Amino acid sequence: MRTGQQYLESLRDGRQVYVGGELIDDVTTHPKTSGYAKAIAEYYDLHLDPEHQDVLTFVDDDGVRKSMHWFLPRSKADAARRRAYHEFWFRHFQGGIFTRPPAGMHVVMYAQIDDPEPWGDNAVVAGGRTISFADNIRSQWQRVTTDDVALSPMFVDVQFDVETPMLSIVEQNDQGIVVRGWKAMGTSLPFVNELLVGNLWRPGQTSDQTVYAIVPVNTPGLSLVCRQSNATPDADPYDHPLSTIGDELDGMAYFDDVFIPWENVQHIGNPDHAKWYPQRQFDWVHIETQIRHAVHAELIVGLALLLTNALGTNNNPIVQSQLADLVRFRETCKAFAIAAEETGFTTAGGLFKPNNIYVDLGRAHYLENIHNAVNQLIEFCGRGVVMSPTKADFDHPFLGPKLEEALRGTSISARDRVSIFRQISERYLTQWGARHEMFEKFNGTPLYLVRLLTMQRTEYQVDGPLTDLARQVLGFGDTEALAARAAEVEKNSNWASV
């Protein structure tokens, strides 16, 4: 279990990190990145606080105490403990402003370690070499959980439509592989130690494009190309209460003939393996993302009750009625999380997996409606979000006291009530805040794909059990049985169109 300071020092390691185009020599001290790095350092210190040992840690099999971000659940009760762990962090991060602490990221490994042998059995290797990919996965899992390494996944590929820009193998040899190209998008890249590189199957994916591998962030040839930082380390925290903490950067990564030793490769070369195994990995991101959805909706409804109360509008029945739908928004997200847990079941390896049907459709409920919930919260604000005094306006020796007189409420000071506006403006009306909404839109399986995937499930086919009730009501057999009676009506008849 690492300390914050050990975490911070692990980042000072030669990594090539671009932020808005600017090379960052030291992510732990640069103004664009240091607030977030410090926030993850604090994340690590808290795991060592005895007061939080129950929620944040577990004593594993060999008696060692490890952080719950390494905990594989074996039961419904274990899953519920992981839920409270995720909830701890979403609340600690003020509703979930940072979505990818290690607790959100390391979950992508749980399905690999649970069932490593297919990763090797399906694997695709040149020159008759024999690589022990399942051993590799088991070795990596023991290394990262023993050294408390921080890992971030990079699975999404650039949408190229004869060497593509996508990451691909350009050489295989006795020591390992060389890869060249881009990974399209990952999160917290400058703030972890190693990447979990992978693929989700897309049409046309070749063997040389199928690579799953652990690769350190400071490996020769790897460049992190991150979005500009929206952190405001020097702003007054009354004016910007959240961007002054830091910014969880997102970015791409370019691999300039990166060498990967075989011990770090988990699978190469089988596109079909990309078709079902990485989705079992992201089921676990979806689970924790779906829990965070409920917390965010909780923060929205609470802001809304405090805000409407502060403005004396909470007794308007239209307002009362919209608050009630915000409450329902929150409880819908919560209900899907409970349903997913309660109808979960154990994998062959013994991993208790929440039901992803309820996870994915709970996420769809959030994805479809969150921008309406946010729009409703903003609507409650009125003008305050077009203009609200800064702390400097309130501090002006003459105009300041007059602001505090003119903007106070019945039972709330001007500074406190404006601080409600500025909290809502930070999250939903700034570049800093808009990234949070965009990340939740586009990271994970997005709404349009949840829809398509849903309809490919076995449970929801025309012949699946979901049409049993309607077949009974209509007096039908299955598809094949209806088709048979149509054919005999044609066969038993005199028609010009058959």
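All residue numbers are counted from 1 along the displayed sequence.
Item to check | Gap size, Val162 back to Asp161 (deposited sequence, no coordinates) | outcome: Some 4 to 9 residues are missing between them.
Next on the checklist: Can you tell me whether 71-79 has a higher mean C-alpha B factor than 385-393 in this record, or the other way round?
Outcome noted: Looking at the record's C-alpha B-factors, the answer is 71-79.
Item to check | Average Cα temperature factor in the PDB entry - higher stretch of 486-494, 5-13 | outcome: Comparing 5-13 with 486-494, the higher average CA B-factor belongs to 486-494.
Checklist entry - Per the coordinate record, which of the options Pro233, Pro271, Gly104, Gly400 holds the highest CA temperature factor? => result Comparing C-alpha B-factors across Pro233, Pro271, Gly104, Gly400, the top value belongs to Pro271.
Item to check | Given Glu331, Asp360, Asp247, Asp121, the residue at which the Cα B factor reaches its maximum | outcome: Highest CA B-factor of the listed options: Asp121.
Next on the checklist: Ranking the modelled residues of this chain by C-alpha B-factor as given in the entry, is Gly20 in the lowest, middle or highest third?
Outcome noted: It falls in the bottom third of the chain.
Item to check | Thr33 by Cα B-factor - lowest, middle or highest third of the modelled chain | outcome: Lowest third.
Item to check | Among modelled residues of the same chain, the CA temperature factor third for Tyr428 | outcome: CA B-factor rank for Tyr428: lowest third.
Item to check | Record-listed C-alpha B factor of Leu351: chain third | outcome: For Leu351, whose C-alpha B-factor we compare with every modelled residue in the chain, the answer is the highest third.
Item to check | B-factor third for the C-alpha atom of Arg65 within its chain | outcome: It belongs to the highest third of the chain when residues are ordered by C-alpha B-factor.
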